[PDB]
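*Asks:* Have a look at this one before I ask anything.
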Amino acid sequence: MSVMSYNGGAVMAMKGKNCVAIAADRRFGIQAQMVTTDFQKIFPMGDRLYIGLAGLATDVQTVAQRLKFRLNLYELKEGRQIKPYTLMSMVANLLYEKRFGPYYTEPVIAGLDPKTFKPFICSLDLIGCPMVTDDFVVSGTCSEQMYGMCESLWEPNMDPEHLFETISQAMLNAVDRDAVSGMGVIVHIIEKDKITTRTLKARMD
Amino acid sequence: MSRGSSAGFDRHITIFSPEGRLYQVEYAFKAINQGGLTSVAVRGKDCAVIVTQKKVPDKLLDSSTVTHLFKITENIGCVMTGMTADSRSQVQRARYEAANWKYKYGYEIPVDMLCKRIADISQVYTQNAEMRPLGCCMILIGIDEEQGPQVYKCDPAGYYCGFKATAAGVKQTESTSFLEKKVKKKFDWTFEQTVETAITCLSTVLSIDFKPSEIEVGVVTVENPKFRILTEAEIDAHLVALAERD
Amino acid sequence: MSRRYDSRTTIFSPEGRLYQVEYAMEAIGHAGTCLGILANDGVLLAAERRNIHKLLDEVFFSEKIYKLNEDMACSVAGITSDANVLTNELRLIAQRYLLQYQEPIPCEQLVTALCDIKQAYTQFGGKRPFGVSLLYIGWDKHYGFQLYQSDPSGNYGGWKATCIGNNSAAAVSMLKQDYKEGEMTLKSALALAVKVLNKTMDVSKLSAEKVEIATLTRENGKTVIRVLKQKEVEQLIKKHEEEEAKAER
Amino acid sequence: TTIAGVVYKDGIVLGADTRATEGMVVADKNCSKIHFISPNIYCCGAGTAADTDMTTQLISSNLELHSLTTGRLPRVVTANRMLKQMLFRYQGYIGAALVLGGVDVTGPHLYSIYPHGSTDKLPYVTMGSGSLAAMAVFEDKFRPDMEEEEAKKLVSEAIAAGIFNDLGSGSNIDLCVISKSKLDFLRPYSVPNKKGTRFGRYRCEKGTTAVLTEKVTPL
Amino acid sequence: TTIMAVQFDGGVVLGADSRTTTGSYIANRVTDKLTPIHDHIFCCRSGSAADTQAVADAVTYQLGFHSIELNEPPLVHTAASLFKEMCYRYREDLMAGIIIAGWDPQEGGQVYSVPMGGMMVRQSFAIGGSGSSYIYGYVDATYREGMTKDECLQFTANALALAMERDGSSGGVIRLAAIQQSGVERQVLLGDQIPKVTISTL
Amino acid sequence: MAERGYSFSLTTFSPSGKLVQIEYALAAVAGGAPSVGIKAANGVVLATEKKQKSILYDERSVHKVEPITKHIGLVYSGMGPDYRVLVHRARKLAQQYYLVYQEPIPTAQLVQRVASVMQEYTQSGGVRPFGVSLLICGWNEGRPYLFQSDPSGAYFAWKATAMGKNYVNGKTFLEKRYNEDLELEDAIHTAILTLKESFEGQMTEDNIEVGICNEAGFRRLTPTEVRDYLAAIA
Amino acid sequence: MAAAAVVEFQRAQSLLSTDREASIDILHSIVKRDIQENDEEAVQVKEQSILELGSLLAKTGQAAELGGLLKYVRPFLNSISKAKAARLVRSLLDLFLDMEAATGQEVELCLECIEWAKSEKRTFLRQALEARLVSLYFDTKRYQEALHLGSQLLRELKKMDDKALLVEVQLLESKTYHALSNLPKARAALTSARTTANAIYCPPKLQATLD
Amino acid sequence: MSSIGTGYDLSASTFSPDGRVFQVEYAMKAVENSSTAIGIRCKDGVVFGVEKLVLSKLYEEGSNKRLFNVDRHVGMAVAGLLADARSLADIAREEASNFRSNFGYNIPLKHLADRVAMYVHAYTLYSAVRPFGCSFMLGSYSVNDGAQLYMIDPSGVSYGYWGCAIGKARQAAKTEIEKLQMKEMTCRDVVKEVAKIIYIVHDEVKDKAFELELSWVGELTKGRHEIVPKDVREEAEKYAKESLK
């Protein structure tokens with residue numbers, strides 16, 4: 001899921017965890033180079049309608065390869081009446097980037113999602129075309145990876161409800177936009193229940 | 001009628017037929033008998049031995065050159081039984097398959113794996129209408145790298161399975177019957193005994209008893225992985241041994 | 001090959017329609033009824049599932065109805081082996097068009113692309129056509145709501161209410177009278193759909209396993225494709241029997 | 001960068017690794033699997049560049065899957081050694097991967113090192129990455145060419161933790177992957193330290209100084 | 001990178017091989033065994049850089065692997081030596097180390113061939129190539145006297161390998177020996193710490 | 001290859017509404033040895049009887065139950081030659097899916113992919129339509145799967161189905177004894193009953209093979225275990 | 001399982017040579033390890049584990065103890081969830097019938113097996129147990145009791161007319177019903193027997209007894 | 001055979017009830033109709049002899065080539081129809097040509113005979129191409145086996161021969177070879193003798209004249225394969241005519 005460059009006018013993903021919900025927060029940023037004109041266009045996409053995968057950088061191949069991957073995820077989702085596992089999709093994405101051989105164009109995938117029908121928490125980032133990345137901790141990713149990583153450690157509420165994570169996250173996104181050109185350009189925060197997706201769109205330039 | 005009736009184009013090329021197999025495929029089994037070779041295969045526990053009739057139809061042949069025993073790899077040896085036209089051709093195909101593993105793997109191919117790659121090959125011929133199935137079968141001996149001496153045979157239609165004892169020939173059903181009683185009564189298997197069972201069974205059904213230059217014995221021993229030809233002096237040795245058994 | 005095994009599998013007839021294609025229609029007839037009916041706010045497919053026996057794990061959503069895309073669906077009537085090759089490709093083309101274009105796939109577009117592959121087999125190659133006639137249900141932002149049929153040759157015609165399977169001729173005739181080109185809401189449309197399965201299927205008591213109705217409706221500003229539940233299908237059947245008794249005496 | 005080691009003991013691998021993949025001392029990944037389970041008797045350790053290392057192992061892994069299933073007899077170490085050498089050299093390689101290839105064939109245990117070029121070689125204990133030297137100094141002396149297996153698990157946990165703590169090529173936690181010859185044993189705690197973040201009192205934004213902005217259903 | 005010497009005898013042949021492979025500074029591989037096989041009677045040693053050599057060995061080994069089965073008897077040495085050369089003329093910008101081809105053919109049972117990084121295939125009474133052998137490159141020719149005998153040759157291949165290891169920093173000090181005959185290949189590992197290493201300058 | 005080749009289809013429809021060769025193929029699967037496959041809903045068991053009739057088969061390898069990969073297994077019906085390609089094919093597919101997903105091929109997905117290749121073989125010339133029926137088992141994603149793949153290409157997902165010798169009787173027993181969502185013990189017991197329905201392939205332990213898929217993967221069962229299940233049926 | 005090669009083999013020898021008393025302790029232990037059926041490494045051990053339990057009786061003939069040990073076997077039979085279950089129970093039941101440790105004890109053990117077999121599972125398992133239970137009831141001369149249990153077999157099983165165990169249960173019933181001196185019943189039971197007997201899946205022995 | 005009106009003898013991807021294709025057998029008659037090629041294995045080399053029929057008196061040697069030089073140590077002597085002989089020649093030349101160039105040593109024959117026979121046979125299998133209605137021999141001098149001679153039939157069967165004849169009087173020629181010891185005899189004497197068998201075969205009341213092509217690969221040429229030198233060629237023919245009478 002290789003995208004041309006990184007210049008997409010914003011590149012940032014943060015994922016942060018609870019035991020009652022898990023959240024993936026994203027720039028909703030679009031429009032390559034410094035000049036934007038828009039602040040809307042899909043980037044995080046529901047693929048089982050309750051798991052997300054985020055593909056990050058320039059708009060065209062980000063949307064294009066996601067959709068072409070969606071079709072292979074779908075095949076597997078379609079046939080059986082139960083939908084695919086997160087761990088098997090996690091290597092699937094790793095391989096998809098790898099197919100684009102040596103001296104490849106850099107994407108940065110972030111997968112956030114609770115596992116389907118074996119219930120445990122999952123957060124992962126891919127980048128380059130790299131070794132397997134299953135973690136159960138926290139993951140922040142992009143080219144300003146260090147800046148995201150800080151925030152992904154920052155939100156975990158192990159015992160508060162879903163709501164407190166959102167309000168904490170709104171401040172977390174904002175402070176990050178003042179620190180880098182990767183956050184911002186409108187922010188979409190996704191709190192993911194297992195049975196559906198809740199999309200909230202945050203106020204913030 | 002049957003074995004020569006149109007129902008599609010299945011008495012011509014491979015497609016199923018009223019007989020619940022394939023006519024074209026069945027001629028390929030019938031084809032084995034024509035060649036005139038009969039083989040007995042015994043699996044020992046120190047070697048795996050195949051004895052087959054070696055077709056000698058001139059007196060202007062050199063012994064070394066004229067054989068049906070072929071070296072596929074330095075681990076696997078075989079005998080070809082059936083039509084000789086088909087025999088040379090299958091062996092050359094196998095050889096490319098053995099070699100293909102040989103570079104990648106970095107070691108000698110298992111007897112089971114050699115038989116699996118060739119068996120599948122004989123299936124392409126069988127699946128295709130572009131070519132007719134092989135009139136011959138290749139019966140493999142070799143030291144498997146942990147299971148032990150192993151005898152596998154792939155069909156002329158290409159399916160393979162493992163055997164204690166096998167037979168293919170002019171008389172496929174009868175040799176196999178003679179062979180189960182030899183296994184049942186268990187003399188045990190050393191180098192000499194297992195070779196001895198194998199030759200006698202080939203002699204008793206057809207009711208010949210051979211010269212050493214009209215049977216061929218080929219072994220893969222655990223003396224070395226390399227396949228050898230025993231040659232007439234050692235083949236004669238085994239013939240004399242058959243007397244005053246069991 | 002051989003020229004004595006050739007009397008030309010692929011050839012043109014002077015009557016203009018290939019021998020193998022007419023022969024394939026009889027095979028379509030044999031498989032169970034698959035219909036599509038239009039609503040003025042959706043489109044739905046109603047089909048009888050190939051399975052009718054007790055034994056069925058129910059790994060597919062329905063063997064006949066394939067959920068291809070988030071705005072397209074198709075059902076098959078005919079040869080199931082033949083169905084698997086067309087439905088898998090179909091799944092890929094319909095999906096690429098909604099996904100990328102952000103513009104919901106037209107049935108008319110879809111059929112022309114698939115029919116090219118079907119057709120190649122009938123004109124040349126020494127081959128033979130597909131055993132299925134497929135009914136596409138979808139919504140596109142162009143014409144609006146649509147229904148399409150494709151045939152073994154790669155011939156299409158766009159209806160708005162059509163039935164294929166056994167007692168096709170009778171069915172379309174019934175359909176002409178009650179439905180023209182748009183008058184039935186989503187609920188009446190669904191009632192009409194159960195009615196056609198009823199006459200044509202032998203069992204007139206039906207079941208949720210026996211038939212499957214999947215609906216496609218755009219609700220709350222996104223186009224929703226859903227397989228209805230066994231409860232929902234059963235509620236529609238229970239509502240339909242009361243009304244069946246009253247309608248025909 | 002990375003930290004990978006193997007030791008030669010009674011069964012094929014005792015593997016030690018950090019989870020983290022770092023570019024110098026900055027984390028790209030907090031946890032990953034650097035010593036991999038793809039099969040359960042073929043294990044592979046990784047070092048250097050992440051991308052180069054993953055593809056070289058995966059290609060061998062696919063070829064191993066075929067032998068394993070047909071024979072119903074073990075995977076072949078040699079086949080794996082030869083396959084990464086020819087296949088990655090052909091490609092000419094994006095950077096370097098020090099890879100530790102390992103399977104028990106039919107005979108004894110064989111451990112191999114695919115260097116930074118692309119080669120098929122035979123030692124018996126490998127360490128891979130920029131930390132190959134660092135991982136080695138403990139391994140070479142405590143292991144004296146076969147030792148008690150259980151003693152090896154204590155020793156190795158001790159070595160692995162030493163690589164993590166003294167050498168900045170390893171964040172988060174340390175992972176050990178043990179196979180006797182078809183075992184899959186994973187404990188990711190070969191170092192004592194807190195796994196993620198700690199919030200005894202919960203403030204990460206002052207009590208509703210910001211409020212929830214919109215809720216939508218994307219159907 | 002490695003230390004390889006292979007000396008041809010009027011008897012048959014003797015090999016001598018490294019114990020370490022070294023990269024840029026750190027030693028990549030701490031226990032060395034080199035027998036890439038093209039056939040069961042003929043072997044090659046991958047000298048100099050491991051990678052460059054190994055890929056040549058590997059393409060050559062696939063054709064010779066095919067060939068030995070095909071002929072029925074195993075291949076001759078000279079067949080393998082032309083094939084090692086065939087790759088190396090093309091990929092001479094990507095390989096320039098040394099390939100050491102030694103064993104038994106079927107046309108005499110007495111052949112040692114050198115395919116070099118500048119290319120040529122010739123037979124020589126002794127050759128040393130690789131890392132530490134280059135140091136002693138003129139020298140290995142110098143140390144023997146032509147057509148020496150099997151016992152004397154055995155002490156010389158051991159003694160010259162020690163003297164080369166001492167000389168370059170690409171070898172260690174353990175002499176791994178291989179005696180090649182009609183029999184097969186038999187290999188012996190003669191320890192080091194106990195025997196005397198060649199004199200060292202003040 | 002070194003020839004012109006074929007490309008004409010060997011099947012032409014009928015004004016019946018049938019394809020002629022697949023109906024001849026269906027007769028060959030029935031002529032096989034009994035193979036049953038049941039998804040219990042607590043694991044999948046595939047059991048077969050193999051006509052060796054001499055027990056001079058030193059198979060510790062290939063059988064009529066052969067694992068495709070570590071949580072897929074395959075059992076066939078009919079003739080052996082057609083099996084040989086399908087078993088190799090399946091292993092290749094298992095490998096293709098292993099590279100990207102690295103969880104070996106799922107059952108719903110496998111069938112579609114085999115089905116497409118089987119359909120070509122009918123549709124094209126220089127190849128012919130099989131006359132083997134495969135029963136595919138798998139446990140992946142915390143659900144057992146049982147599918148049956150017909151010699152045409154068609155795939156149906158079953159709870160319990162039969163093939164091989166006297167399948168008509170088998171499917172009818174299967175409905176009566178087995179009902180949907182019964183236990184792993186029932187699935188195994190009826191499975192062995194169908195083989196016993198009519199045997200006649202030498203009654204020794206190495207003449208029946210079962211391979212079971214469950215939560216921990218797929219392994220084929222030792223012939224001695226298989227015999228114990230049989231022993232109960234009179 | 002964790003040791004039906006170690007512990008079980010020793011127990012078998014102790015049962016032949018000396019008395020079951022020593023063996024009571026061992027019997028508990030082995031059955032408890034066996035409870036885990038296994039489906040991925042069950043292997044050779046499981047096939048032996050189940051076989052030895054069946055073979056256990058009549059290595060010292062009738063005892064009070066022979067009756068007693070058996071109760072431990074009852075939790076194992078149920079738990080395993082395999083086809084091989086049918087075989088063990090039937091065996092273990094037939095042997096206690098032969099070597100009576102008391103009629104009372106033998107009736108309790110078959111009654112409990114049956115109650116459990118009726119709940120879910122299969123028609124095949126229930127039938128082996130009932131032949132043991134009606135026969136116990138016939139000999140004791142409680143003809144009335146046999147009639148009750150017997151009736152359960154007639155109503156449900158009819159559907160199947162291919163069942164080999166079922167001929168044996170019903171002929172023991174016809175005979176009991178003759179003794180009871182209710183003649184309609186005697187014919188009724190025979191009717192059920194013959195319908196199922198006609199099937200070609202039933203041995204020459206079973207076909208013979210019908211007659 | 002059969003003369004069925006659809007297939008079996010009209011195709012060759014179809015086997016008879018017994019398992020044989022009639023099409024290869026019809027082709028097998030073709031070697032019998034024209035002149036013989038004899039070839040005997042020595043141990044210092046191989047000596048080949050093909051009688052080329054003077055059909056027209058306005059031909060010169062090199063016309064209707066029955067003798068090919070496969071490499072510079074491999075020969076091919078054919079008998080039967082010359083068009084199928086040419087194809088077989090072309091494949092053989094390329095197979096021999098790659099082996100000397102690449103390996104650097106002389107080709108062991110037994111593999112080569114098997115490969116070429118594989119080629120013949122692969123075409124038999126197919127119904128889209130024909131069985132080859134030529135019988136041909138390959139002969140070589142090697143440093144791994146010494147001299148080898150193999151004869152491959154129109155069926156694709158390979159056997160090694162001490163001494164072969166394929167042609168219009170196999171029975172008369174083979175027998176003459178049996179009587180003589182040429183099996184391990186020196187190539188020089190053999191030249192005369194191979195020609196003398198050709199003289200018996202030939203009739204002056206079924207043929208007018210023939211032009212002898214023999215080929216050396218033996219001790220005169222030092223193992224190099226050349227078509228017979230004009231002086232030697234003549235000497236050997238001269239003996240053939242003189243000795244009968």
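As shown in the structure tokens, the chain order sets the letters A, B, ...; within each chain, residues go from 1, and ligands are also counted from 1 in the order they appear.
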Starting from chain C, keep only residues with some atom at most 8 Å from an atom of chain A, counting only C-alpha atoms, and report them as an NGL selection string.
*Replies:* :C and (58-61 or 67 or 92 or 95-96 or 99-100)
*Asks:* Could you write out as an NGL selection string the residues of chain C within 9 Å of chain D, counting only C-alpha atoms?
*Replies:* :C and (219-224)
*Asks:* Export, as a PDB file, in the first residue's frame, the selected residues with C-alpha atoms.
*Replies:*
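Contents of again.pdb, as written:
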ATOM      1  CA  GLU C 219     -30.603   5.122   4.346  1.00  0.00           C
ATOM      2  CA  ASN C 220     -29.099   7.981   6.318  1.00  0.00           C
ATOM      3  CA  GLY C 221     -27.022   9.355   3.401  1.00  0.00           C
ATOM      4  CA  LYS C 222     -24.975   6.090   2.792  1.00  0.00           C
ATOM      5  CA  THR C 223     -25.905   3.182   0.567  1.00  0.00           C
ATOM      6  CA  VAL C 224     -26.557   0.156   2.700  1.00  0.00           C
TER       7      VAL C 224
END
*Asks:* May I have a table of the residues of segment 39-89 of chain A lying at most 12 Å from segment 139-149 of chain A, giving each one's closest pair of atoms and their distance in Å to one decimal, counting only C-alpha atoms, ordered by chain and ascending residue number, as JSON lines?
*Replies:*
{"residue": "A:54", "atom": "CA", "partner": "A:141", "partner_atom": "CA", "distance": 10.6}
{"residue": "A:55", "atom": "CA", "partner": "A:142", "partner_atom": "CA", "distance": 10.3}
{"residue": "A:56", "atom": "CA", "partner": "A:142", "partner_atom": "CA", "distance": 7.8}
{"residue": "A:57", "atom": "CA", "partner": "A:142", "partner_atom": "CA", "distance": 8.8}
*Asks:* Using Å and a single decimal, report how far atom CA of residue 126 of chain D sits from atom CA of residue 98 of chain D.
*Replies:* 9.6 Å
*Asks:* Mind dumping a table of every chain C residue within 12 Å of chain B, with the nearest atom pair and its distance in Å to one decimal, using only C-alpha atoms, sorted by chain and rising number, as a Markdown table?
*Replies:*
| residue | atom | partner | partner_atom | distance |
| --- | --- | --- | --- | --- |
| C:1 | CA | B:130 | CA | 7.1 |
| C:2 | CA | B:130 | CA | 10.3 |
| C:4 | CA | B:9 | CA | 10.6 |
| C:5 | CA | B:9 | CA | 7.6 |
| C:6 | CA | B:9 | CA | 10.8 |
*Asks:* Distance limit 10 Å, atoms considered: only C-alpha atoms. Which chain D residues sit that close to chain A? Return them as number ranges by chain.
*Replies:* D: 19-21, 26-36, 46, 49-55, 58, 91-95, 172, 195-219
*Asks:* When you look at residue 94 of chain C with a cut-off of 8 Å (counting only C-alpha atoms), what residues show up, excluding the ones that are within fewer than 3 positions of it in the same chain? I need them as a list in words.
*Replies:*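 The residues that qualify are residues 68, 69, 72, 90, 91, 97, 98, 105 and 110 of chain C.
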*Asks:* Please produce an output containing N, CA, C and O atoms for each residue in the selection, written as a short mmCIF file (atom, residue, chain, number, x, y, z; two decimals), in the first residue's frame.
*Replies:*
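Output file selection-v3.cif is given in full below:
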data_model
loop_
_atom_site.label_atom_id
_atom_site.label_comp_id
_atom_site.auth_asym_id
_atom_site.auth_seq_id
_atom_site.Cartn_x
_atom_site.Cartn_y
_atom_site.Cartn_z
N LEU C 68 -21.59 -8.40 -3.94
CA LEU C 68 -20.44 -8.12 -4.80
C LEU C 68 -19.71 -6.87 -4.34
O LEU C 68 -18.50 -6.74 -4.43
N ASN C 69 -20.51 -5.82 -3.98
CA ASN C 69 -20.07 -4.48 -3.78
C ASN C 69 -21.13 -3.86 -2.83
O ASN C 69 -22.03 -4.67 -2.48
N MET C 72 -23.91 -2.95 -5.34
CA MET C 72 -24.30 -3.86 -6.41
C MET C 72 -24.42 -5.23 -5.74
O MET C 72 -23.80 -5.53 -4.68
N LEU C 90 -16.82 -10.33 -11.00
CA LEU C 90 -17.83 -9.34 -10.89
C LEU C 90 -17.62 -8.57 -9.70
O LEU C 90 -17.80 -7.37 -9.62
N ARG C 91 -17.18 -9.24 -8.63
CA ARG C 91 -16.96 -8.76 -7.33
C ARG C 91 -15.91 -7.72 -7.35
O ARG C 91 -16.06 -6.65 -6.76
N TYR C 97 -15.30 0.17 -9.25
CA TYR C 97 -16.02 1.35 -9.63
C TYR C 97 -16.67 2.18 -8.55
O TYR C 97 -16.49 3.41 -8.59
N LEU C 98 -17.36 1.66 -7.50
CA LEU C 98 -17.93 2.44 -6.43
C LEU C 98 -16.80 3.08 -5.64
O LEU C 98 -16.95 4.25 -5.22
N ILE C 105 -21.66 2.42 -9.24
CA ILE C 105 -21.65 1.46 -10.35
C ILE C 105 -23.06 1.41 -10.99
O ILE C 105 -24.04 1.08 -10.32
N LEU C 110 -21.72 -2.44 -16.12
CA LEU C 110 -21.20 -3.67 -15.59
C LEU C 110 -21.38 -4.76 -16.48
O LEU C 110 -20.50 -5.62 -16.67
#
*Asks:* Could you list, as a ChimeraX atom specification, the residues of chain H having an atom within 7 Å of chain E when counting only C-alpha atoms?
*Replies:* /H:102-105,108,111,143-144
*Asks:* Just give me the gap between atom CA of residue 78 of chain H and atom CA of residue 134 of chain H in Å, one decimal is fine.
*Replies:*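 Atom CA of residue 134 of chain H lies at a distance of 7.1 Å from atom CA of residue 78 of chain H.
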*Asks:* Can you list every residue of chain H that has an atom at most 10 Å from chain C, with its nearest atom pair and the distance in Å to one decimal, using only C-alpha atoms, ordered by chain then number, as JSON lines?
*Replies:*
{"residue": "H:5", "atom": "CA", "partner": "C:4", "partner_atom": "CA", "distance": 9.9}
{"residue": "H:6", "atom": "CA", "partner": "C:4", "partner_atom": "CA", "distance": 7.1}
{"residue": "H:7", "atom": "CA", "partner": "C:4", "partner_atom": "CA", "distance": 8.3}
{"residue": "H:10", "atom": "CA", "partner": "C:2", "partner_atom": "CA", "distance": 9.0}
{"residue": "H:11", "atom": "CA", "partner": "C:2", "partner_atom": "CA", "distance": 7.5}
{"residue": "H:13", "atom": "CA", "partner": "C:1", "partner_atom": "CA", "distance": 9.0}
{"residue": "H:126", "atom": "CA", "partner": "C:1", "partner_atom": "CA", "distance": 8.7}
{"residue": "H:127", "atom": "CA", "partner": "C:1", "partner_atom": "CA", "distance": 6.4}
{"residue": "H:128", "atom": "CA", "partner": "C:1", "partner_atom": "CA", "distance": 5.5}
{"residue": "H:129", "atom": "CA", "partner": "C:1", "partner_atom": "CA", "distance": 9.4}
*Asks:* Name the closest residue to chain D among the candidates B:31, B:168, B:109, B:140; distances are taken between atoms, counting only C-alpha atoms.
*Replies:*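 For chain D, the nearest of the given residues is B:109.
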*Asks:* Quick one: residues within 8 Å of segment 42-52 of chain B, only C-alpha atoms, excluding same-chain residues fewer than 5 positions away - as a VMD selection string?
*Replies:* chain B and resid 37 78 to 79 81 139 to 143 148 to 151 163 to 166 189 to 191 194 to 195 197 to 199 202 215 to 222
*Asks:* Could you please select, counting only C-alpha atoms, the residues of chain C within 7 Å of chain F and state them as a list in words?
*Replies:*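 Here is what falls inside 7 Å: residues 1, 20, 23, 24, 26, 27, 55, 56, 57, 58, 59, 80, 81, 82, 84, 85, 125, 126, 127 and 128 of chain C.
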*Asks:* Store the residues picked out above in a file with C-alpha atoms, as an mmCIF file, in the first residue's frame.
*Replies:*
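Here's the written file out_34.cif:
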data_model
loop_
_atom_site.group_PDB
_atom_site.id
_atom_site.type_symbol
_atom_site.label_atom_id
_atom_site.label_comp_id
_atom_site.auth_asym_id
_atom_site.auth_seq_id
_atom_site.Cartn_x
_atom_site.Cartn_y
_atom_site.Cartn_z
ATOM 1 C CA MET C 1 -5.880 -31.243 -32.241
ATOM 2 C CA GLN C 20 -24.876 -23.785 -27.619
ATOM 3 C CA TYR C 23 -29.087 -25.195 -25.155
ATOM 4 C CA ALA C 24 -27.728 -23.180 -22.197
ATOM 5 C CA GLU C 26 -32.797 -24.835 -20.776
ATOM 6 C CA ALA C 27 -30.091 -25.357 -18.216
ATOM 7 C CA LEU C 55 -27.643 -30.088 6.146
ATOM 8 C CA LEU C 56 -26.017 -26.677 5.450
ATOM 9 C CA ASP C 57 -23.351 -24.981 7.685
ATOM 10 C CA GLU C 58 -24.319 -21.615 6.090
ATOM 11 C CA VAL C 59 -20.838 -20.330 5.528
ATOM 12 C CA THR C 80 -23.082 -23.214 -10.222
ATOM 13 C CA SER C 81 -19.488 -24.081 -11.380
ATOM 14 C CA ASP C 82 -19.917 -21.448 -14.159
ATOM 15 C CA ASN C 84 -18.156 -19.049 -9.478
ATOM 16 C CA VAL C 85 -15.974 -17.667 -12.336
ATOM 17 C CA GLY C 125 -11.781 -20.077 -29.036
ATOM 18 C CA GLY C 126 -13.561 -23.388 -29.773
ATOM 19 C CA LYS C 127 -15.169 -22.808 -26.333
ATOM 20 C CA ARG C 128 -18.704 -22.610 -24.960
#
*Asks:* Which residue out of B:213, B:127, B:89, B:39 has the minimum interatomic distance to residue 121 of chain F when only C-alpha atoms are used?
*Replies:*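 The shortest atom-to-atom distance to residue 121 of chain F comes from B:127.
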*Asks:* Hey, what does DSSP flag as strand (DSSP E or B) within segment 2-219 of chain D? Can you give it to me as a count of residues only?
*Replies:* 51
